[PDB]
RNA sequence: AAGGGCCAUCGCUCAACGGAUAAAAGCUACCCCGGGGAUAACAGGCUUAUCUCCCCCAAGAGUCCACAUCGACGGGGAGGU
RNA sequence: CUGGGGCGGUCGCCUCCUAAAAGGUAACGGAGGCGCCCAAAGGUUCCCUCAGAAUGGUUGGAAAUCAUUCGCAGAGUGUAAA
RNA sequence: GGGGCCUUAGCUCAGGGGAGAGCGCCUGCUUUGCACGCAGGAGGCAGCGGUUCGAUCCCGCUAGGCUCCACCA
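Protein chains in written order, with the deposited numbering: chain Q, 1 to 135; chain 0, 2 to 173, 179 to 215, 222 to 351, 355 to 434, 446 to 539, 543 to 565; chain 1, 1 to 83.
Structure follows, in structure tokens:
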């Protein structure tokens with residue numbers, strides 16, 4: 001459950017996930033990676049689920065290199081409450097994702113193993129994905 | 002110790018020096034303790050006073066201990082009315098444990114004035130008071146005492162001073183007159199006739215066996237200042253008095269000055285007893301833990317005696333796998349032979368197959384095996400801890416404060432407790459050699475590892491628990507080999523045990539495997558015994 | 001302040017409980033008047049007290065609450081004792 | 001002359017800060033009038049966070065065996081009680 | 001005022017974001033400040049340039065002050081922010 | 001859940017410039033003396049963050065506790 005240690009503002013606007021990514025569109029730390037085909041917010045619980053999934057499938061395998069970090073916080077008012085009276089309290093932390101963006105990489109491991117692990121992770125994630133490799 | 006006799010001796014023997022002593026400086030180092038640097042007889046001298054209840058006394062010390070950074074209220078009040086004083090006279094207060102200084106000094110206008118400083122040393126309720134000469138009014142007081150104690154006298158300033166009720170005791179045959187010697191335990195009731203008495207003095211005089225002679229002779233002795241200031245030590249419990257020891261087995265060390273006697277007594281006892289309190293408070297806790305671990309393993313052992321059906325199930329599974337062809341699925345029993356050719360009737364589950372049943376027996380064997388392994392590991396843990404604490408208590412018995420300070424940190428590191447090169451201690455040895463040791467486990471390990479080589483020799487117990495000690499590259503003669511055995515037997519699980527074998531082994535085989546779980550090989554062993562301080 | 005608090009801080013009596021007890025017995029008084037633990041006091045007050053037969057008369061100079069030990073007795077002065 | 005005017009200046013958390021008076025708190029279930037669906041309680045409606053139900057990946061439990069039956073961390077939907 | 005009212009909270013002024021590249025722009029939207037201070041902390045003339053880092057060096061110490069080269073600026077700008 | 005108060009040694013307390021006053025329980029010492037003591041159990045700002053050369057002392061966020069409120073259909 002990743003966390004930014006320190007932040008300026010505990011409360012931010014949400015934002016808009018228009019367009020494609022700026023960077024991180026291609027694997028370069030590792031060999032076999034995964035990228036997105038949509039745009040969405042992703043949570044520390046999602047990423048750690050995917051991470052531990054692939055690492056359990058691999059059991060010693062090489063290196064991973066996540067390519068993101070949930071910097072963004074997201075609020076949520078308490079339950080059964082009218083509107084207004086200030087912005088809701090923070091709940092967790094979020095990473096924002098554009099399409100064309102690489103999320104997880106892999107090295108030290110064969111292609112079939114990598115593809116299967118990333119499949120497993122994709123099923124923990126909400127969005128549509130693609131298997132990718134380095135050029 | 003501090004009887005009216007000792008008091009009266011001091012009264013004359015300090016007026017010997019401090020006729021008209023010019024009080025040059027005043028300080029209050031500790032709570033119930035006050036220092037005067039006085040100039041009398043053309044010389045500067047120290048004068049300690051103490052109303053500290055058990056240690057309340059008066060003294061003159063070569064050790065000007067420490068003048069404080071803070072001048073307290075009482076000190077400054079003394080500075081107000083006594084500073085630059087002049088000790089006209091000393092008085093004994095009629096042989097009670099009380100003293101008087103008749104003092105002169107000029108006031109703030111240069112007009113000469115006088116005062117009466119009183120020092121009542123009663124024991125738990127001693128005190129120091131300052132009083133006016135003519136008015137007898139108290140001006141200062143160290144232990145203000147309000148009459149909620151509904152007592153005769155009172156301390157507070159301004160009030161007319163008053164002395165305690167002097168008891169109806171003839172302060173100096180008269181006991182054979184007044185007291186019925188049939189009463190017995192008369193060491194008690196000499197206090198009931200005389201003023202300056204200790205039960206120590208009374209007992210030592212009563213043990214002279222009708223003995224008025226002893227009383228009269230000793231009174232003449234004191235009156236003549238014929239005493240001998242020594243300190244007595246009856247197996248510890250170090251006592252002292254004007255007279256020497258009379259009968260008891262205790263050691264004696266004599267002095268030229270009662271003041272030096274007081275110095276060499278109290279200079280240690282100020283903190284020795286504190287260290288003893290700390291040591292005992294810690295020892296209680298350690299013994300609680302060790303006793304707890306012992307009872308813990310007792311629980312585990314007496315619990316272990318009720319789940320031990322492993323081998324039966326093992327052998328049953330063996331036999332069933334051996335006889336897995338004569339057996340129906342649905343049967344209750346099996347007359348079966350062991351591979355000594357007995358014939359065992361093993362029960363079955365009439366629903367299961369023999370395969371299932373035998374596998375269940377193997378399963379139960381596995382389970383009992385597992386649980387027993389668990390309990391045996393817990394046993395090993397607890398016994399390691401118990402032996403650790405037993406060695407620890409041995410060390411604490413044979414300890415010094417310098418190693419106790421390390422042991423505390425060792426245990427706080429072990430997290431049983433909560434809140446840098448000096449390692450070893452040595453003395454003389456045979457062949458003019460030096461043999462180093464450490465009563466602390468940590469210091470002992472530091473010496474064994476970092477202070478010697480592998481080919482050197484370590485000498486320790488050939489037995490359960492003792493210290494660890496050796497000379498730097500211990501390769502000296504058999505004289506030193508046998509001398510190390512004495513140092514080993516001295517600091518051991520059983521000090522003064524005249525049958526203790528010591529193990530001497532090359533440091534190259536010293537096993538550095543809890544802490545101080547050091548095994549040893551390349552070892553020989555020699556029966557030996559404890560010794561005296563000549564082991565130093 | 002209150003009498004019992006005053007007695008404790010001045011260390012005449014070691015326990016406020018005991019101060020209350022004696023005031024409820026009425027063994028003591030103020031300015032010739034019988035008093036109680038809640039009785040108000042001030043500087044200049046003249047206080048009569050009993051300890052069995054020991055009767056006492058004192059005078060109030062000051063009053064506070066932090067009252068360290070030796071500074072307690074500065075708070076007041078003895079005047080007289082009877083029995 | 002009193003007094004007033006002009007000029008300069010002082011006096012207000014008048015703070016509810018364009019300040020209603022120099023001067024002011026509450027109960028009403030004993031209540032009343034004028035109006036409102038411009039605004040609340042029921043129901044209806046939109047939403048479906050929540051709720052219920054279904055499903056995906058599948059580690060793991062299941063002696064062995066993921067999917068007999070259960071199903072973690074996570075994910076996606078339906079319904080409109 | 002009020003996402004019914006009540007209770008809570010707020011009520012004037014300043015700075016930023018929201019604010020959509022002039023300006024302006026709401027919400028019980030997000031962050032913070034004011035109800036002053038200086039008689040020199042003003043005016044003018046003249047002067048010079050910071051913070052930190054590395055070296056060496058008593059007390060001096062990780063950290064005073066010291067010389068020392070590096071050093072658009074990481075400092076300062078009475079106070080909050082721009 | 002909201003608001004206010006509090007959260008400093010074992011207990012009770014004071015105190016933006018360096019946390020210190022008193023008291024008690026258990027143990028030990030202790031002794032001639034009308035409960036008159038001493039040492040150790042031990043003496044540590046609920047936590048997090050920020051401003052300042054500095055924070056218990058100013059600010060903010062959160063936890064624990066006490067009190068008040070949590071009403072109309």
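C-beta atoms are modelled at their ideal positions from N, C-alpha and C, and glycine is treated no differently.
N- and C-terminal bounds of the alpha helix (DSSP H) containing residue i
i	result
residue 119 (chain Q)	111–124
residue 299 (chain 0)	270–316
residue 499 (chain 0)	First-last for residue 499 (chain 0): undefined, no H or E at that position.
residue 416 (chain 0)	416–428
residue 476 (chain 0)	467–476
residue 553 (chain 0)	From DSSP, residue 553 (chain 0) is part of no alpha helix (DSSP H) but of the beta strand (DSSP E) over 552–557.
residue 65 (chain 1)	Taken as a continuous stretch (DSSP letters only), residue 65 (chain 1) belongs to no alpha helix (DSSP H), as it is neither H nor E.
residue 14 (chain 0)	5–16
Assigned secondary structure, residue i (DSSP; H/G/I helix, E/B strand, else coil)
i	result
residue 239 (chain 0)	coil
residue 520 (chain 0)	coil
residue 320 (chain 0)	coil
residue 349 (chain 0)	strand
residue 339 (chain 0)	coil
residue 30 (chain 0)	coil
residue 388 (chain 0)	helix
residue 63 (chain 0)	coil
residue 512 (chain 0)	helix
residue 58 (chain Q)	helix
residue 43 (chain 0)	coil
residue 99 (chain 0)	strand
residue 181 (chain 0)	helix
residue 368 (chain 0)	coil
residue 329 (chain 0)	helix
Integer-rounded CB distance, given that residue j should sit under 8 Å from residue i
i	j	result
residue 253 (chain 0)	residue 207 (chain 0)	6 Å
residue 204 (chain 0)	residue 2 (chain 0)	6 Å
residue 106 (chain Q)	residue 32 (chain Q)	5 Å
residue 486 (chain 0)	residue 514 (chain 0)	6 Å
residue 322 (chain 0)	residue 380 (chain 0)	5 Å
residue 160 (chain 0)	residue 138 (chain 0)	7 Å
residue 543 (chain 0)	residue 324 (chain 0)	The Cβ separation is near 37 Å, so there is no contact.
Contact check, residue i vs residue j, beta carbons under 9 Å
i	j	result
residue 557 (chain 0)	residue 506 (chain 0)	no
residue 51 (chain 0)	residue 60 (chain 0)	yes
residue 477 (chain 0)	residue 517 (chain 0)	no
residue 329 (chain 0)	residue 373 (chain 0)	yes
residue 422 (chain 0)	residue 411 (chain 0)	yes
residue 78 (chain 0)	residue 140 (chain 0)	yes
residue 11 (chain 1)	residue 57 (chain 0)	no
residue 104 (chain 0)	residue 89 (chain 0)	yes
residue 298 (chain 0)	residue 404 (chain 0)	yes
residue 104 (chain Q)	residue 52 (chain Q)	no
residue 533 (chain 0)	residue 456 (chain 0)	no
residue 305 (chain 0)	residue 397 (chain 0)	yes
Terminal residues of the beta strand (DSSP E) in which residue i lies
i	result
residue 73 (chain Q)	72–76
residue 358 (chain 0)	358–362
residue 90 (chain 0)	87–92
residue 90 (chain Q)	89–97
residue 82 (chain 0)	Element bounds for residue 82 (chain 0): not the beta strand (DSSP E) but the alpha helix (DSSP H), 74–83.
heavy atom of the ligand NAP below 8 Å from residue i C-beta
i	result
residue 61 (chain 1)	In the structure on display, the ligand NAP does not appear, and there are no ligands present to speak of.
Could you run through the stretch 33–52 of chain 1 and flag, in chain order, every residue whose CB is less than 7 Å away from some CB of chain 0?
-> Using a CB distance below 7 Å, the part of the stretch 33–52 of chain 1 facing chain 0 consists of 51 and 52, ordered along the chain.
Could you please tell me which residues of the stretch 11–29 of chain 1, in chain order, have their CB closer than 9 Å to any CB of chain 0?
-> Answer set for the stretch 11–29 of chain 1: 11, 12, 13, 14 and 18.
When you check each C-beta in the stretch 140–151 of chain 0 against every C-beta of chain 1, which residues fall closer than 7 Å?
-> Residues passing the 7 Å Cβ filter: 145, 147, 148, 149 and 151.
Return the residues of the stretch 54–80 of chain 1 that lie within a Cβ-Cβ distance of less than 9 Å from chain 0, sorted by chain order.
-> Residues are counted here when their Cβ sits less than 9 Å from a Cβ of chain 0; for the stretch 54–80 of chain 1 these are 54, 56, 69, 70, 71, 72, 73, 77 and 78, given in chain order.
Short-range partners of chain 1 found in the stretch 68–90 of chain 0, where Cβ spacing is below 7 Å = Taking a C-beta cut-off of 7 Å against chain 1, the contacting residues of the stretch 68–90 of chain 0 are 74, listed in chain order.
Just by C-beta distance, which residues in the stretch 151–171 of chain 0 are closer than 7 Å to chain 1?
-> Hits within the stretch, in order: 151, 157, 159 and 160.
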